[PDB]
Amino acid sequence: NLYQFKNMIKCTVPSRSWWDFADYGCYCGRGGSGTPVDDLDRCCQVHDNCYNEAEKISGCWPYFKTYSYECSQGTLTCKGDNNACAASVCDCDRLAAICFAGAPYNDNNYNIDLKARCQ
Amino acid sequence: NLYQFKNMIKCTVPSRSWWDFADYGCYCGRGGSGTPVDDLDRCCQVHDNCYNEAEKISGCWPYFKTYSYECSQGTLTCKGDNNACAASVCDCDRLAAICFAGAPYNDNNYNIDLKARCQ
Amino acid sequence: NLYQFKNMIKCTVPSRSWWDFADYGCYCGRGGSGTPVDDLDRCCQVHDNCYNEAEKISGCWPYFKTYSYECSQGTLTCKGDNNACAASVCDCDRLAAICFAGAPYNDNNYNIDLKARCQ
Ligand code: NA
Ligand code: NA
Ligand code: NA
């Protein structure tokens, strides 16, 4: 669910706010089209594609679905007790959190004009 | 709930992204005031008024309430097993999805400046 | 939960829309950094800090957590039947609703450019 994704992010990028990732580029936190602005934005595009695949499971609603994971400080693991939807969503969140940790953050791509940059 | 509304939209307007409707005009996806910018925006205003009416039912929370509906490809139906809140919310979502299918989409009303257009 | 906070606001500031508070300053409805733009924005900053403290309770997710409160027209009370997470979240929402009622609303701080005002 949304809060668990937020906490995963806090596990891997403890210095940045969840808000820095909530409105970046063409895909982070909002938007589903256009050319990704930079590598971080690409991470968000992959995450978006990942959630769309999980939504194919009947009744699977990513932002609302609770799952079992663990952050053993810096390290993320999706636990084996998860159902199909949970496990899928947990995987999507995990991979994105790790993707966000490696990508550089360009302050200029924060809170951009979707009409001007997103195709 | 939010995901079911998203899927209703995908049933009736399969070509557009849910994101195209999430930030349009003065009423689509956000905002509750000002003069609607075009016919599509009017659809969103009617939907907003519809959710406010459903919220009069104790404990009825539109974006969170799950309901029974079906999309038999292009066609939408709210199933008879729904409680009062569910049935109401399902109706609101159904009528808007169909409204969105007929209204033309003006690219210029996407992600507008609420301060500049919304009274 | 989100809808209950919205209703608390409607209890204390019946004249304004929930939307007027959903995108104001650096902290209302979104953003977690920068210098608060005015007293209303400070209310939102305190509310944000309050939710972060409640999130320390295992499994406590503010926007999703349902609680027991009552609005006896103008007056707000968090009922004694709430668990730790509920009671905390209810308190955060109550204090903010009352804070919003006293602070003046500056139309110029609505839907601002986060890049330009938020540090
Ligand atoms: Na690159
Ligand atoms: Na017309
Ligand atoms: Na002051």
# chains A, B, ... in the order shown; residues from 1 in each chain; ligands from 1
$ residues_near_ligand --ligand "ligand 3" --cutoff "10 Å" --atoms "only C-alpha atoms and all ligand atoms" --output "JSON, numbers by chain"
{"C": [38, 39, 40, 42, 103, 104]}
$ select_by_dssp --residues "chain B" --states "strand (DSSP E or B)" --output "number ranges by chain"
B: 24, 28, 69-72, 75-78, 110
$ write_last_selection --atoms "N, CA and C atoms" --output "PDB file, in the first residue's frame"
ATOM      1  N   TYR B  24      -7.632  17.810 -15.295  1.00  0.00           N
ATOM      2  CA  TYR B  24      -8.203  18.527 -16.425  1.00  0.00           C
ATOM      3  C   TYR B  24      -9.229  19.549 -15.914  1.00  0.00           C
ATOM      4  N   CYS B  28     -11.979  18.136 -12.976  1.00  0.00           N
ATOM      5  CA  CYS B  28     -11.482  16.756 -13.153  1.00  0.00           C
ATOM      6  C   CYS B  28     -10.273  16.409 -12.303  1.00  0.00           C
ATOM      7  N   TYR B  69     -19.840  -4.161 -10.197  1.00  0.00           N
ATOM      8  CA  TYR B  69     -20.241  -3.627 -11.483  1.00  0.00           C
ATOM      9  C   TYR B  69     -19.654  -4.599 -12.495  1.00  0.00           C
ATOM     10  N   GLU B  70     -19.933  -4.361 -13.759  1.00  0.00           N
ATOM     11  CA  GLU B  70     -19.356  -5.187 -14.799  1.00  0.00           C
ATOM     12  C   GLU B  70     -19.214  -4.426 -16.107  1.00  0.00           C
ATOM     13  N   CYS B  71     -18.114  -4.655 -16.794  1.00  0.00           N
ATOM     14  CA  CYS B  71     -17.875  -4.037 -18.074  1.00  0.00           C
ATOM     15  C   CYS B  71     -17.900  -5.195 -19.070  1.00  0.00           C
ATOM     16  N   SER B  72     -18.970  -5.335 -19.838  1.00  0.00           N
ATOM     17  CA  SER B  72     -19.040  -6.425 -20.821  1.00  0.00           C
ATOM     18  C   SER B  72     -18.658  -5.720 -22.076  1.00  0.00           C
ATOM     19  N   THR B  75     -19.778  -1.894 -22.457  1.00  0.00           N
ATOM     20  CA  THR B  75     -20.973  -1.771 -21.630  1.00  0.00           C
ATOM     21  C   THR B  75     -20.731  -1.886 -20.130  1.00  0.00           C
ATOM     22  N   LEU B  76     -21.343  -0.950 -19.385  1.00  0.00           N
ATOM     23  CA  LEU B  76     -21.258  -0.873 -17.932  1.00  0.00           C
ATOM     24  C   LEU B  76     -22.575  -1.147 -17.212  1.00  0.00           C
ATOM     25  N   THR B  77     -22.525  -1.948 -16.133  1.00  0.00           N
ATOM     26  CA  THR B  77     -23.707  -2.236 -15.316  1.00  0.00           C
ATOM     27  C   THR B  77     -23.297  -2.350 -13.860  1.00  0.00           C
ATOM     28  N   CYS B  78     -24.081  -1.709 -13.001  1.00  0.00           N
ATOM     29  CA  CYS B  78     -23.874  -1.769 -11.553  1.00  0.00           C
ATOM     30  C   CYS B  78     -24.763  -2.924 -11.108  1.00  0.00           C
ATOM     31  N   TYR B 110      -5.823  20.517 -20.194  1.00  0.00           N
ATOM     32  CA  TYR B 110      -5.104  19.552 -19.375  1.00  0.00           C
ATOM     33  C   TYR B 110      -4.078  20.206 -18.465  1.00  0.00           C
TER      34      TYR B 110
END
$ interface_residues --of "chain B" --to "chain A" --cutoff "12 Å" --atoms "only C-alpha atoms" --output "number ranges by chain"
B: 1-7, 16-24, 29, 63-68, 107-113
$ write_last_selection --atoms "N, CA, C and O atoms" --output "compact mmCIF listing (two decimals), in the first residue's frame"
# COMPACT_ATOMS: atom_id res chain seq x y z
N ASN B 1 -14.71 2.19 -5.79
CA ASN B 1 -13.41 2.73 -5.30
C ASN B 1 -12.65 3.28 -6.48
O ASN B 1 -12.98 3.03 -7.65
N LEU B 2 -11.63 4.06 -6.18
CA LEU B 2 -10.78 4.68 -7.20
C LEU B 2 -10.36 3.79 -8.37
O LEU B 2 -10.42 4.21 -9.51
N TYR B 3 -9.90 2.57 -8.09
CA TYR B 3 -9.45 1.65 -9.14
C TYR B 3 -10.59 1.15 -10.00
O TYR B 3 -10.44 0.96 -11.23
N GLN B 4 -11.75 0.97 -9.38
CA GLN B 4 -12.90 0.52 -10.15
C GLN B 4 -13.38 1.65 -11.07
O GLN B 4 -13.84 1.38 -12.18
N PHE B 5 -13.27 2.90 -10.63
CA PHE B 5 -13.65 4.05 -11.48
C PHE B 5 -12.65 4.08 -12.66
O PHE B 5 -13.02 4.24 -13.82
N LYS B 6 -11.37 3.90 -12.35
CA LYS B 6 -10.34 3.87 -13.37
C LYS B 6 -10.64 2.79 -14.40
O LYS B 6 -10.53 3.01 -15.60
N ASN B 7 -11.08 1.63 -13.95
CA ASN B 7 -11.39 0.57 -14.88
C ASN B 7 -12.64 0.85 -15.69
O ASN B 7 -12.71 0.48 -16.89
N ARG B 16 -7.60 6.51 -24.04
CA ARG B 16 -7.04 7.54 -23.17
C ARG B 16 -6.55 6.97 -21.88
O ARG B 16 -7.05 5.95 -21.40
N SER B 17 -5.61 7.66 -21.26
CA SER B 17 -5.09 7.20 -20.00
C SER B 17 -5.97 7.79 -18.91
O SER B 17 -6.62 8.83 -19.08
N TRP B 18 -6.00 7.10 -17.79
CA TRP B 18 -6.71 7.55 -16.62
C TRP B 18 -6.09 8.91 -16.24
O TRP B 18 -6.78 9.80 -15.78
N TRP B 19 -4.78 9.05 -16.46
CA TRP B 19 -4.06 10.30 -16.12
C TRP B 19 -4.57 11.50 -16.91
O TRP B 19 -4.58 12.61 -16.37
N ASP B 20 -5.05 11.31 -18.14
CA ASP B 20 -5.60 12.43 -18.94
C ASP B 20 -6.82 13.01 -18.27
O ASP B 20 -7.12 14.18 -18.41
N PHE B 21 -7.51 12.21 -17.47
CA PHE B 21 -8.70 12.70 -16.77
C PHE B 21 -8.47 13.11 -15.32
O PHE B 21 -9.34 13.70 -14.70
N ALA B 22 -7.27 12.84 -14.83
CA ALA B 22 -6.94 13.10 -13.47
C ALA B 22 -6.54 14.52 -13.15
O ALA B 22 -6.39 14.84 -12.00
N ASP B 23 -6.33 15.35 -14.15
CA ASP B 23 -5.90 16.75 -13.97
C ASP B 23 -6.33 17.57 -15.20
O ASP B 23 -5.53 18.00 -16.00
N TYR B 24 -7.63 17.81 -15.29
CA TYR B 24 -8.20 18.53 -16.43
C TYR B 24 -9.23 19.55 -15.91
O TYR B 24 -10.06 19.26 -15.04
N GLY B 29 -10.54 15.50 -11.38
CA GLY B 29 -9.55 14.97 -10.49
C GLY B 29 -9.20 15.85 -9.35
O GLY B 29 -8.57 15.38 -8.43
N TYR B 63 -14.11 7.10 -2.85
CA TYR B 63 -12.83 6.60 -3.37
C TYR B 63 -12.38 5.36 -2.70
O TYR B 63 -11.53 4.67 -3.24
N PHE B 64 -12.95 5.06 -1.56
CA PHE B 64 -12.57 3.88 -0.80
C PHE B 64 -13.60 2.80 -0.87
O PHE B 64 -13.30 1.69 -0.53
N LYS B 65 -14.82 3.12 -1.26
CA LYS B 65 -15.87 2.11 -1.28
C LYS B 65 -15.86 1.16 -2.46
O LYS B 65 -16.00 1.59 -3.60
N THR B 66 -15.75 -0.15 -2.18
CA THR B 66 -15.80 -1.16 -3.22
C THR B 66 -17.24 -1.47 -3.69
O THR B 66 -18.20 -1.44 -2.91
N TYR B 67 -17.42 -1.68 -4.97
CA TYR B 67 -18.78 -2.00 -5.40
C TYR B 67 -18.74 -3.10 -6.46
O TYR B 67 -17.67 -3.47 -6.91
N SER B 68 -19.92 -3.58 -6.83
CA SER B 68 -20.14 -4.62 -7.85
C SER B 68 -20.62 -4.01 -9.15
O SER B 68 -21.74 -3.45 -9.20
N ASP B 107 -6.93 19.31 -25.42
CA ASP B 107 -5.56 19.21 -24.89
C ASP B 107 -5.10 20.43 -24.15
O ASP B 107 -4.23 20.35 -23.27
N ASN B 108 -5.71 21.57 -24.49
CA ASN B 108 -5.41 22.84 -23.86
C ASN B 108 -6.01 22.98 -22.44
O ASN B 108 -5.66 23.89 -21.70
N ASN B 109 -6.91 22.08 -22.05
CA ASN B 109 -7.50 22.17 -20.71
C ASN B 109 -6.86 21.20 -19.74
O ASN B 109 -7.26 21.15 -18.57
N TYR B 110 -5.82 20.52 -20.19
CA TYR B 110 -5.10 19.55 -19.37
C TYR B 110 -4.08 20.21 -18.46
O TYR B 110 -3.32 21.03 -18.92
N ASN B 111 -4.08 19.88 -17.17
CA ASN B 111 -3.06 20.41 -16.26
C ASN B 111 -3.02 21.96 -16.40
O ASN B 111 -2.00 22.54 -16.73
N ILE B 112 -4.15 22.60 -16.15
CA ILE B 112 -4.24 24.04 -16.25
C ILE B 112 -3.90 24.68 -14.92
O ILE B 112 -3.77 24.00 -13.88
N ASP B 113 -3.79 26.01 -14.95
CA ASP B 113 -3.49 26.83 -13.81
C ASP B 113 -4.83 27.16 -13.14
O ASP B 113 -5.62 27.99 -13.64
$ calpha_fit_and_write --fixed "chain C" --moving "chain B" --output "short mmCIF file (atom, residue, chain, number, x, y, z; two decimals) with N, CA and C atoms, in the first residue's frame"
data_model
loop_
_atom_site.label_atom_id
_atom_site.label_comp_id
_atom_site.auth_asym_id
_atom_site.auth_seq_id
_atom_site.Cartn_x
_atom_site.Cartn_y
_atom_site.Cartn_z
N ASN B 1 -9.45 8.93 8.87
CA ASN B 1 -9.19 8.72 7.42
C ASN B 1 -9.46 10.02 6.70
N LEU B 2 -8.98 10.09 5.47
CA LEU B 2 -9.15 11.28 4.63
C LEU B 2 -10.53 11.94 4.64
N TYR B 3 -11.60 11.14 4.50
CA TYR B 3 -12.97 11.67 4.47
C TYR B 3 -13.40 12.22 5.81
N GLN B 4 -12.93 11.59 6.88
CA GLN B 4 -13.28 12.08 8.20
C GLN B 4 -12.57 13.41 8.47
N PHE B 5 -11.35 13.57 7.96
CA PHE B 5 -10.62 14.84 8.12
C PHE B 5 -11.40 15.91 7.31
N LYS B 6 -11.82 15.55 6.11
CA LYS B 6 -12.60 16.45 5.28
C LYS B 6 -13.86 16.89 6.00
N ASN B 7 -14.52 15.97 6.69
CA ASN B 7 -15.72 16.33 7.40
C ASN B 7 -15.44 17.18 8.62
N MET B 8 -14.32 16.90 9.30
CA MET B 8 -13.92 17.75 10.46
C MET B 8 -13.76 19.22 9.96
N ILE B 9 -13.12 19.37 8.81
CA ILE B 9 -12.90 20.68 8.25
C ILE B 9 -14.24 21.38 7.96
N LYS B 10 -15.18 20.61 7.44
CA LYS B 10 -16.51 21.09 7.12
C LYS B 10 -17.27 21.47 8.41
N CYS B 11 -16.91 20.83 9.51
CA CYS B 11 -17.51 21.13 10.79
C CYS B 11 -17.08 22.52 11.27
N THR B 12 -15.77 22.80 11.20
CA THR B 12 -15.17 24.05 11.66
C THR B 12 -15.11 25.23 10.67
N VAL B 13 -15.00 24.95 9.38
CA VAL B 13 -14.93 25.98 8.35
C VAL B 13 -15.98 25.49 7.32
N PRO B 14 -17.27 25.68 7.64
CA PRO B 14 -18.32 25.24 6.72
C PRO B 14 -18.41 25.97 5.40
N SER B 15 -17.87 27.18 5.36
CA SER B 15 -17.91 28.01 4.14
C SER B 15 -16.90 27.71 3.02
N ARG B 16 -15.73 27.18 3.39
CA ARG B 16 -14.65 26.85 2.45
C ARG B 16 -14.74 25.44 1.97
N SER B 17 -14.18 25.19 0.80
CA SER B 17 -14.20 23.85 0.26
C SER B 17 -12.96 23.14 0.78
N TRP B 18 -13.07 21.84 0.85
CA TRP B 18 -11.97 20.99 1.24
C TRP B 18 -10.84 21.25 0.23
N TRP B 19 -11.22 21.51 -1.03
CA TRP B 19 -10.24 21.76 -2.11
C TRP B 19 -9.39 23.01 -1.85
N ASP B 20 -9.93 24.02 -1.17
CA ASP B 20 -9.14 25.24 -0.85
C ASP B 20 -7.98 24.90 0.06
N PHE B 21 -8.12 23.83 0.83
CA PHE B 21 -7.03 23.42 1.73
C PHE B 21 -6.14 22.31 1.19
N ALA B 22 -6.53 21.74 0.07
CA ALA B 22 -5.83 20.64 -0.51
C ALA B 22 -4.61 20.99 -1.33
N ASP B 23 -4.40 22.26 -1.62
CA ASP B 23 -3.26 22.71 -2.44
C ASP B 23 -2.95 24.18 -2.09
N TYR B 24 -2.39 24.38 -0.91
CA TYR B 24 -2.08 25.71 -0.41
C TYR B 24 -0.68 25.71 0.21
N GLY B 25 0.05 26.77 -0.05
CA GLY B 25 1.37 26.86 0.49
C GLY B 25 2.36 25.74 0.17
N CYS B 26 3.27 25.53 1.11
CA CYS B 26 4.31 24.53 0.96
C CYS B 26 3.94 23.25 1.66
N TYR B 27 2.96 23.31 2.55
CA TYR B 27 2.60 22.12 3.30
C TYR B 27 1.18 21.61 3.20
N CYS B 28 0.22 22.46 2.82
CA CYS B 28 -1.18 22.00 2.75
C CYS B 28 -1.49 21.08 1.58
N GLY B 29 -1.79 19.85 1.96
CA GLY B 29 -2.17 18.81 1.05
C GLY B 29 -1.05 18.18 0.31
N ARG B 30 0.14 18.74 0.40
CA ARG B 30 1.26 18.22 -0.37
C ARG B 30 2.49 19.03 -0.05
N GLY B 31 3.64 18.39 -0.20
CA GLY B 31 4.92 19.01 0.13
C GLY B 31 5.27 18.72 1.60
N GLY B 32 6.55 18.61 1.89
CA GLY B 32 6.98 18.38 3.25
C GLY B 32 8.19 19.24 3.58
N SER B 33 8.50 20.23 2.75
CA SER B 33 9.64 21.07 3.06
C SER B 33 9.46 22.52 2.65
N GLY B 34 10.46 23.30 3.06
CA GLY B 34 10.47 24.73 2.79
C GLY B 34 9.95 25.54 3.96
N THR B 35 9.98 26.85 3.83
CA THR B 35 9.51 27.70 4.90
C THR B 35 8.02 27.92 4.72
N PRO B 36 7.22 27.65 5.77
CA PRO B 36 5.76 27.86 5.64
C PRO B 36 5.44 29.30 5.17
N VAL B 37 4.55 29.47 4.19
CA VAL B 37 4.25 30.76 3.64
C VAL B 37 3.45 31.72 4.50
N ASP B 38 2.59 31.20 5.37
CA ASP B 38 1.78 32.05 6.26
C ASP B 38 1.27 31.17 7.38
N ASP B 39 0.53 31.75 8.32
CA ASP B 39 -0.03 31.03 9.44
C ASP B 39 -0.90 29.81 9.04
N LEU B 40 -1.72 29.92 8.02
CA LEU B 40 -2.48 28.75 7.66
C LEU B 40 -1.50 27.59 7.31
N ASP B 41 -0.50 27.90 6.48
CA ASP B 41 0.48 26.90 6.05
C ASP B 41 1.19 26.31 7.26
N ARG B 42 1.40 27.10 8.31
CA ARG B 42 2.03 26.59 9.52
C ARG B 42 1.13 25.52 10.14
N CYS B 43 -0.18 25.74 10.14
CA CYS B 43 -1.13 24.74 10.64
C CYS B 43 -0.89 23.41 9.91
N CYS B 44 -0.75 23.46 8.60
CA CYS B 44 -0.50 22.26 7.81
C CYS B 44 0.83 21.61 8.11
N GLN B 45 1.84 22.42 8.41
CA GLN B 45 3.14 21.87 8.78
C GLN B 45 3.08 21.08 10.13
N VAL B 46 2.39 21.65 11.11
CA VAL B 46 2.18 21.02 12.40
C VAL B 46 1.40 19.69 12.19
N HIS B 47 0.40 19.69 11.31
CA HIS B 47 -0.42 18.50 11.02
C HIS B 47 0.42 17.39 10.41
N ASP B 48 1.32 17.79 9.51
CA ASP B 48 2.24 16.88 8.85
C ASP B 48 3.19 16.24 9.87
N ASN B 49 3.70 17.06 10.78
CA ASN B 49 4.58 16.57 11.83
C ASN B 49 3.79 15.61 12.74
N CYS B 50 2.52 15.93 12.98
CA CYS B 50 1.65 15.12 13.80
C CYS B 50 1.41 13.72 13.18
N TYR B 51 1.19 13.66 11.87
CA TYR B 51 0.99 12.39 11.18
C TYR B 51 2.28 11.58 11.19
N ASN B 52 3.42 12.23 11.09
CA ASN B 52 4.65 11.48 11.12
C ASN B 52 4.84 10.87 12.44
N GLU B 53 4.42 11.52 13.50
CA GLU B 53 4.57 10.92 14.82
C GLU B 53 3.59 9.71 14.90
N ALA B 54 2.36 9.83 14.40
CA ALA B 54 1.43 8.70 14.51
C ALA B 54 1.90 7.48 13.74
N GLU B 55 2.66 7.70 12.68
CA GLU B 55 3.17 6.62 11.85
C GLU B 55 4.20 5.79 12.53
N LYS B 56 4.62 6.23 13.69
CA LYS B 56 5.58 5.42 14.41
C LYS B 56 4.86 4.22 15.03
N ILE B 57 3.54 4.28 15.17
CA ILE B 57 2.77 3.15 15.70
C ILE B 57 2.65 2.09 14.60
N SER B 58 3.09 0.85 14.86
CA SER B 58 3.03 -0.20 13.83
C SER B 58 1.71 -0.35 13.09
N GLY B 59 1.77 -0.23 11.76
CA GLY B 59 0.57 -0.38 10.96
C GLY B 59 -0.37 0.80 10.98
N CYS B 60 0.05 1.94 11.53
CA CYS B 60 -0.79 3.14 11.58
C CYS B 60 -0.58 3.93 10.29
N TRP B 61 -1.65 4.08 9.52
CA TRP B 61 -1.61 4.74 8.21
C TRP B 61 -2.68 5.82 8.24
N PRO B 62 -2.31 7.05 8.66
CA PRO B 62 -3.28 8.14 8.78
C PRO B 62 -4.48 8.38 7.84
N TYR B 63 -4.22 8.48 6.53
CA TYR B 63 -5.25 8.72 5.53
C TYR B 63 -6.17 7.57 5.35
N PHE B 64 -5.76 6.41 5.83
CA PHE B 64 -6.56 5.21 5.68
C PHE B 64 -7.19 4.79 6.97
N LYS B 65 -6.70 5.28 8.09
CA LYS B 65 -7.25 4.85 9.38
C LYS B 65 -8.57 5.49 9.80
N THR B 66 -9.58 4.65 10.02
CA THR B 66 -10.88 5.13 10.48
C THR B 66 -10.89 5.41 12.00
N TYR B 67 -11.56 6.47 12.41
CA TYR B 67 -11.60 6.72 13.85
C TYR B 67 -12.99 7.18 14.26
N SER B 68 -13.19 7.30 15.57
CA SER B 68 -14.45 7.74 16.20
C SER B 68 -14.32 9.18 16.67
N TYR B 69 -15.14 10.05 16.11
CA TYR B 69 -15.11 11.44 16.52
C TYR B 69 -16.55 11.91 16.37
N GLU B 70 -16.79 13.15 16.74
CA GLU B 70 -18.12 13.71 16.56
C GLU B 70 -18.07 15.22 16.39
N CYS B 71 -18.89 15.73 15.51
CA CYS B 71 -18.99 17.15 15.28
C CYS B 71 -20.39 17.53 15.76
N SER B 72 -20.50 18.15 16.92
CA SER B 72 -21.82 18.55 17.43
C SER B 72 -21.87 19.98 17.04
N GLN B 73 -21.96 20.11 15.72
CA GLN B 73 -22.02 21.38 15.00
C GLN B 73 -21.08 22.47 15.56
N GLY B 74 -19.93 22.55 14.90
CA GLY B 74 -18.89 23.49 15.24
C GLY B 74 -17.91 22.83 16.17
N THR B 75 -18.43 22.03 17.09
CA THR B 75 -17.61 21.35 18.08
C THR B 75 -17.14 19.95 17.68
N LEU B 76 -15.84 19.71 17.90
CA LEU B 76 -15.19 18.44 17.60
C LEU B 76 -14.71 17.68 18.83
N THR B 77 -14.95 16.35 18.86
CA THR B 77 -14.48 15.50 19.95
C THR B 77 -14.08 14.14 19.39
N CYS B 78 -12.93 13.66 19.84
CA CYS B 78 -12.43 12.34 19.47
C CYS B 78 -12.95 11.42 20.57
N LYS B 79 -13.74 10.44 20.20
CA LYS B 79 -14.34 9.54 21.19
C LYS B 79 -13.37 8.53 21.87
N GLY B 80 -13.69 8.17 23.11
CA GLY B 80 -12.86 7.27 23.88
C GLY B 80 -12.70 5.85 23.37
N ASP B 81 -13.50 5.41 22.40
CA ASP B 81 -13.37 4.02 21.92
C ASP B 81 -12.20 3.73 20.96
N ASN B 82 -11.43 4.76 20.61
CA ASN B 82 -10.32 4.64 19.66
C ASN B 82 -9.07 3.93 20.16
N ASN B 83 -8.43 3.14 19.29
CA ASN B 83 -7.17 2.45 19.65
C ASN B 83 -6.06 3.51 19.61
N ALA B 84 -4.80 3.15 19.80
CA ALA B 84 -3.71 4.15 19.83
C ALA B 84 -3.54 4.96 18.55
N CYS B 85 -3.51 4.26 17.43
CA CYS B 85 -3.37 4.86 16.11
C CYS B 85 -4.57 5.76 15.80
N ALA B 86 -5.76 5.29 16.09
CA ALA B 86 -6.96 6.05 15.80
C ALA B 86 -7.02 7.33 16.59
N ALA B 87 -6.70 7.21 17.87
CA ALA B 87 -6.82 8.32 18.77
C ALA B 87 -5.84 9.38 18.41
N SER B 88 -4.65 8.95 18.03
CA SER B 88 -3.59 9.87 17.62
C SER B 88 -3.94 10.65 16.37
N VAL B 89 -4.45 9.91 15.38
CA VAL B 89 -4.81 10.48 14.08
C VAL B 89 -5.99 11.44 14.25
N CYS B 90 -6.93 11.01 15.09
CA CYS B 90 -8.08 11.85 15.34
C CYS B 90 -7.63 13.17 15.97
N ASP B 91 -6.66 13.09 16.84
CA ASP B 91 -6.20 14.28 17.52
C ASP B 91 -5.55 15.20 16.55
N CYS B 92 -4.70 14.64 15.68
CA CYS B 92 -4.02 15.44 14.65
C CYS B 92 -5.04 16.19 13.77
N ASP B 93 -6.09 15.48 13.30
CA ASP B 93 -7.11 16.06 12.44
C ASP B 93 -7.91 17.16 13.14
N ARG B 94 -8.29 16.89 14.39
CA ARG B 94 -9.04 17.84 15.23
C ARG B 94 -8.30 19.15 15.39
N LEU B 95 -7.06 19.09 15.92
CA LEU B 95 -6.24 20.29 16.11
C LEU B 95 -6.04 21.12 14.81
N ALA B 96 -5.76 20.44 13.68
CA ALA B 96 -5.64 21.12 12.40
C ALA B 96 -6.97 21.80 12.00
N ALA B 97 -8.12 21.10 12.10
CA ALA B 97 -9.41 21.70 11.73
C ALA B 97 -9.67 23.00 12.49
N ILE B 98 -9.40 22.96 13.79
CA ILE B 98 -9.55 24.13 14.63
C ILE B 98 -8.49 25.19 14.22
N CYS B 99 -7.25 24.77 13.93
CA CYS B 99 -6.19 25.71 13.49
C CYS B 99 -6.62 26.45 12.17
N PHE B 100 -7.18 25.69 11.23
CA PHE B 100 -7.64 26.21 9.95
C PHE B 100 -8.75 27.21 10.13
N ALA B 101 -9.61 27.02 11.15
CA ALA B 101 -10.75 27.92 11.39
C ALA B 101 -10.32 29.33 11.79
N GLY B 102 -9.22 29.42 12.55
CA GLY B 102 -8.72 30.72 13.00
C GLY B 102 -7.77 31.46 12.04
N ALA B 103 -6.99 30.76 11.26
CA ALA B 103 -6.04 31.37 10.36
C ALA B 103 -6.65 32.04 9.16
N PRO B 104 -6.14 33.23 8.82
CA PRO B 104 -6.75 33.85 7.64
C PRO B 104 -6.31 33.09 6.35
N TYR B 105 -7.15 33.08 5.33
CA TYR B 105 -6.84 32.40 4.07
C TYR B 105 -6.39 33.42 3.03
N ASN B 106 -5.14 33.33 2.59
CA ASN B 106 -4.57 34.23 1.59
C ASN B 106 -4.70 33.58 0.18
N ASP B 107 -5.62 34.11 -0.62
CA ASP B 107 -5.91 33.59 -1.96
C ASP B 107 -4.70 33.47 -2.84
N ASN B 108 -3.69 34.29 -2.53
CA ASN B 108 -2.43 34.28 -3.25
C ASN B 108 -1.53 33.07 -2.92
N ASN B 109 -1.85 32.33 -1.86
CA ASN B 109 -1.02 31.17 -1.51
C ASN B 109 -1.62 29.87 -1.99
N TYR B 110 -2.72 29.97 -2.72
CA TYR B 110 -3.42 28.80 -3.24
C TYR B 110 -2.79 28.28 -4.52
N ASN B 111 -2.52 26.98 -4.61
CA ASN B 111 -2.01 26.39 -5.85
C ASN B 111 -0.76 27.21 -6.30
N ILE B 112 0.25 27.27 -5.43
CA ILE B 112 1.46 28.01 -5.74
C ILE B 112 2.46 27.09 -6.42
N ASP B 113 3.54 27.72 -6.89
CA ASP B 113 4.63 27.06 -7.56
C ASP B 113 5.61 26.61 -6.47
N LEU B 114 5.61 25.31 -6.20
CA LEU B 114 6.46 24.72 -5.19
C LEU B 114 7.90 24.96 -5.44
N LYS B 115 8.31 25.01 -6.69
CA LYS B 115 9.70 25.28 -6.96
C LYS B 115 10.09 26.72 -6.56
N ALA B 116 9.18 27.67 -6.78
CA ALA B 116 9.42 29.08 -6.51
C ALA B 116 9.29 29.56 -5.06
N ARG B 117 8.48 28.87 -4.26
CA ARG B 117 8.24 29.26 -2.87
C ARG B 117 8.73 28.31 -1.83
N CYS B 118 8.97 27.06 -2.21
CA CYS B 118 9.32 26.08 -1.19
C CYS B 118 10.76 25.61 -1.07
N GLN B 119 11.55 26.62 -0.72
CA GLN B 119 13.00 26.56 -0.52
C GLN B 119 13.73 26.10 -1.77
#
$ select_by_dssp --residues "chain A" --states "alpha helix (DSSP H)" --output "PyMOL selection string"
chain A and resi 2-12+18-21+39-54+84-102+114-117
